[PDB]
Amino acid sequence: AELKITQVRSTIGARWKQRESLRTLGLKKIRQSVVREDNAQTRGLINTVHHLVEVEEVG
Amino acid sequence: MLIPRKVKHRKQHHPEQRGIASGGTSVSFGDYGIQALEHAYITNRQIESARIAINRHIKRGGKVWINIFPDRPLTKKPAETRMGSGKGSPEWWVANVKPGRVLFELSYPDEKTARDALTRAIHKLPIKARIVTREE
Amino acid sequence: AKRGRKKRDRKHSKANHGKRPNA
Amino acid sequence: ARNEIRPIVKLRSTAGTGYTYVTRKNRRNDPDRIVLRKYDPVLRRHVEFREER
Amino acid sequence: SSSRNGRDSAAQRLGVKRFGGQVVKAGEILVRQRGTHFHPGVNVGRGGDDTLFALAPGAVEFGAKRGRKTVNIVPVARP
RNA sequence: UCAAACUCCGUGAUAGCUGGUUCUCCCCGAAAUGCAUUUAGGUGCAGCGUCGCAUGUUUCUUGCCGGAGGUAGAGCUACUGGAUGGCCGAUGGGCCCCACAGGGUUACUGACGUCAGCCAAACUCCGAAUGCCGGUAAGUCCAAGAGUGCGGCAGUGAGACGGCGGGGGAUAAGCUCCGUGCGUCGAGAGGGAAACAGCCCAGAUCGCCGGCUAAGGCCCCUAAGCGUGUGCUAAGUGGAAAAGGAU
RNA sequence: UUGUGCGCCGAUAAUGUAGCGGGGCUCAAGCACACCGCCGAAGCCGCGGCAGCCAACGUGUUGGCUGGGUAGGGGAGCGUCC
RNA sequence: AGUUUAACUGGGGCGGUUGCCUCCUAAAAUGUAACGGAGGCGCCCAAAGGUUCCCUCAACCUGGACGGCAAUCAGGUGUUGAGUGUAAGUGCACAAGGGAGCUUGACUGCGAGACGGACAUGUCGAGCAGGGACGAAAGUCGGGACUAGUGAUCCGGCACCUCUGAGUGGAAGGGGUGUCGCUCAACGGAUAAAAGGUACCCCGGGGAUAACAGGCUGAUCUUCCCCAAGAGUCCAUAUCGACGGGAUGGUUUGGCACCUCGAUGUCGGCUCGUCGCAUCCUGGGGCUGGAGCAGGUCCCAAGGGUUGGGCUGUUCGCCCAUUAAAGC
RNA sequence: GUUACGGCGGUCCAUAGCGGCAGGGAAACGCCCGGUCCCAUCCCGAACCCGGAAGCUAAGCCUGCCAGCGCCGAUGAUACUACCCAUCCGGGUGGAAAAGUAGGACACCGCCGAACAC
């Protein structure tokens, strides 16, 4: 149902789109986690920044 | 010697050495061919040396096809000149050769002499290469 | 010769990941 | 550019009872200079000018 | 010992300026161009330099009319 | 002391030039690009910064729909040019029958066409991704401390290397010149790289004789594994290297 | 005879080993594939103090976000003399 | 006597160039540099402009008097390969190509909204009004198929105006509208007006910038190798091994310009060394087209030694006389 | 409504074209007769224009047939590529050609008019 996010890497060496999209998801620091919907918006952001986030699934 | 009789633009960029062959990846007109494996620019004098190497190793009768022609020049500029001040003049002519591409094709009956000849012509070239039969 | 090569070949280490500055 | 006696020469085109010089640059190795011409002047209307330099 | 080349000509900023979908007022310039790469259709006019422009407001539709890419304008819906 | 002395005065001459410019903390924070230039080491305006007011999310991101492109690539009896090998032989031509006309012959040179395989930054019947322009739907939202307009106050306008794409060069340079919502250094410490501005990780409010992790690494020097399992290596390979040679 | 994974020769400069960072290592302390743990930074967390922007409330309390910084812009202050 | 005498530039100089248009580079929007690659312009135009109407070429096949490869003609195929005033591109057969008749819009007064945009410049512009052209009318015409064909400002000049007229009335003069006068081409144009030397040189600065040296690369140079056409009486490999190819070393002529110009003292000689081996002799050795003496080529090998003299400033070199040998 | 009819148009304009075979002419489309009248040839009533209906569907045109000259054209794979991993090599998530192939296709649609009829 919902996706659970965990930021792993850092935003340094990282481009504008990746940085702005972490901001979009609400992630600023490392080890922050977010409970986000699994809609197309979210899936596209994760496709964008998969190397920065571990993604788990409650559902 | 191999050169064209005239090119429209006699100062060209350097060809690219990126990608694999699209055509000439299949022996066409003979029986025993040469196939490249690397990227390289092959000139006029190399191919002359190679065809002579083959004809002096069969020596009588048996045909040789050259599926390449040096239709792309390169520009040396005269010696001990500081960089700048233009682009040098064409002096030698290359053909680009992408991997998979076929250069030579022989038609001589005995495989012994033929394979040997192609090897002598391989050792006149800058590329790693191998020998091909028309078969699958 | 030697010096430039050893620079350009120390770059292929593991903690550099294939790249270094001024080669 | 300059004022040389260029092939494309001459100017001034004055009006009869119409003082509104209309200008045009033309050649002069051809014959003519006493016919054609027309245009709108001040207070007046579509009437006939000379090429008078 | 000279390179007799070197010259060039400054740009002219050609190409499309109002793509598909957009809202354009009147007299606005859709494309600047040398030849009629794109031709006029409906509610569209041509210039002297083969520029195009709008004659009626609306929105764009780059369609073809017998093999030639056109430009058009369609009626917006009044609010 | 002389390619035009010395002293006082003008005179505190002037220098697009070199140097130097003193106490503290708080907040934000660049640039090394463009056009012009008697100009290229300087400067003016635009660019990027901040302060104040105004306009309130208009900026940015992701998804979906609509639009032009002629790049990579590929293709060519789809045009302009190059070009490999065959078939024919007009047309040419040695030569023969000898009028030379005309009848022809012979590897002859081979159009044009024709079978097959090919190349191209200034060749394209074709044609990707990304990027781009607008619309829409949400997201971020006690914020990005975003955007736009205005006015004050400026600095910069000598950029470097690394990745990707490219020109000049010898497809050499720690070479030079352009691109890039790519990066870092500049202005950025700390850890790793043996030492090492630009590489990888990560962006330092101050303290703690607290804990978990990344890159990297665990025989001793050096804190952590002479760790487990299955195979290869005999060269000190590991811990530089080619064409090529070799039971 | 094909394709592979490690290997051999080719190999070769001048102060001193000197092209593992050293000792040393094949009774791998070397290469590969999987597995287990761990060490490790000024990163994140944990306990505390200060500060700036915003917001909520009450007669200045709390909370979230934030706080590297040169050219430079702005703000708030110590000190000396009369 | 006072002063000028340009800049770019892979140091400067010599050369070349400076503005505008077109194409590629240019990386599928726009834009983008180099002393990068190819060209062109500093015009022409009673029509080569406007409008109404009409038609389609080039090429090939054939026939055909001079006539041939081609001239004008006729008949077919011919979607467009010709031509478009002038370079190239984009377009043009629905023609913007070709042709014929009228003809002056190659006008005046304006201009919504837009592009591009440092700025000044620059580009199109529907639509309104007078007064017209053409056409039966609809409608098109504010130059040319499009983009280049030219130069800001100041100062003067010509025509017209119902603007002003230094007490009044006039006038000069100054204005205004339309217009002219510049290879100011170094083309955003320091003056209307300006070429050179300095080894007599001086000052301020710069490693932003060159020469010696270091450094990077290694075209070039040296050393070495690969393959083997042949030479070698035959015999590819005793010896030389072409045509091509691959690497070293960093000493050579050069490329870049990274530290040093608020000082790194530059050719050779002398004296004094020390190091490498890609070895001149000595020492050990394999093959021979090595009988023997002398050798030729190859491998290992650095301990020691490696002359004195003539010419040249010379390094290098040549010569003389010796040497076990007269090293790089 | 309808037939082998005519005319005006359209398709992001060849799936519609070219060529061959057969076949049709009621009214219409045509070709044809001739230059008296308007009008016209850079010369020509050939064309344009005018006046009529002797003649023929031969041609144009419409209908069916032939997938042959041309065109259209996928799925899947490949090339290339955005992003990420990766000490050179190469690889993973997504996107996705050209060519080739299977095949398609001798067009489709709209309006008015005729003829034909209840």
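Loop only by DSSP, 12 or fewer other Cβ within 10 Å of the Cβ. Give me the GluC sites (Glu not before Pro) in the range B:5-96 that pass, ordered by residue number. Write down the numbers at each step before the final one.
Details: sites: B:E16, B:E38, B:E48, B:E80, B:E91; in loops: B:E16, B:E38, B:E80.
The qualifying sites are B:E16, B:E38, B:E80.
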Neighbour-count ranking [beta-carbon atoms within 10 angstrom, fewest first] of E:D8, B:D116, E:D49: E:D8, E:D49, B:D116
Neighbour-count order for A:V58, B:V102, fewest beta carbons within 10 angstrom listed first: A:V58, B:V102
Compactness of chain D, expressed as Rg and Dmax over alpha-carbon positions, Å: 12.5, 37
Whole-Hz couplings from phi, Karplus 6.51/-1.76/1.60, listed for the range B:100-107; x for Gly and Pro: x, 6, 9, 9, 10, 9, 9, 9
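Given a cut-off of under 8 Å on Cα pairs at least six residues apart, what relative contact order in percent is computed for chain A? Could the numbers behind the result be given before it?
Values: 82 pairs, mean separation 33.9, N = 59.
Relative contact order comes out at 58 percent.
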Added length on full extension, which subtracts the Cα-Cα distance from 0.36 nm per residue, B:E48 to B:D71: 6.8 nm
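Please say if chain B is rounded, prolate or oblate, where rounded means a/c under 1.5 for a ≥ b ≥ c the square roots of the C-alpha gyration tensor eigenvalues, and otherwise the choice is prolate for a/b larger than b/c and oblate otherwise?
In terms of gyration-tensor shape, prolate.
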Residues D:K38, B:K6 arranged by fewest to most Cβ contacts within 10 Å: B:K6, D:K38
FRET E, pair D:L11, E:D49, Förster distance 35 Å, beta-carbon r, rounded to 0.05: 0.80
10 Å-binned pair-distance histogram of chain E (Cα, whole percent): 17, 45, 19, 9, 6, 3, 0, 0
A:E57-E:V23 pseudo-label distance in nm [points 7 Å out on the Cα-to-Cβ vector]: 4.3
When each of B:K76/C:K2; B:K11/B:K77; B:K6/B:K124; B:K59/B:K112; A:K17/C:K11 is checked by Cα-Cα distance, pairs over 19 Å: B:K76/C:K2; B:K6/B:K124; A:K17/C:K11
Selected from A:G13, A:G44, A:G26 as most flexible by GNM, with chain A as the system and alpha-carbon contacts under 10 Å: A:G13
Computed over the range B:72-136, Cα set: Rg, Dmax in Å: 18.4, 56
Mean separation of Cα contacts under 8 Å (6+ apart) over length of the range B:1-117, as relative contact order %: 43
Amide H partners (placed H, <5 Å) of B:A40, local residues excluded: B:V97
Under 5 Å, built H, 5+ apart or other chain: amide partners of B:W92: B:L74, B:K76
Cα long-axis angle, helix B:111-122 against chain B (0 to 90 degrees, to the nearest 10): 10
log₁₀ of I(q)/I(0) at q = 0.06, 0.07, 0.11, 0.13 Å⁻¹ - the protein assembly as shown, Debye sum with one point per alpha carbon: -0.67, -0.85, -1.11, -1.13
Distance in nm between pseudo-label sites at E:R66 and B:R134 (7 Å out along the Cβ direction from Cα): 5.4
Backbone HN-Hα couplings from phi across the range B:6-18 [Karplus 6.51/-1.76/1.60, Hz, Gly and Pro as x]: 5, 10, 5, 10, 9, 9, 10, 4, 6, x, 8, 10, 10
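Quick reminder, even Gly has a Cβ in these numbers, built from the backbone with ideal geometry, and neighbours come from all protein chains shown. Throughout, read-outs are computed from the coordinates displayed, never taken from laboratory work.
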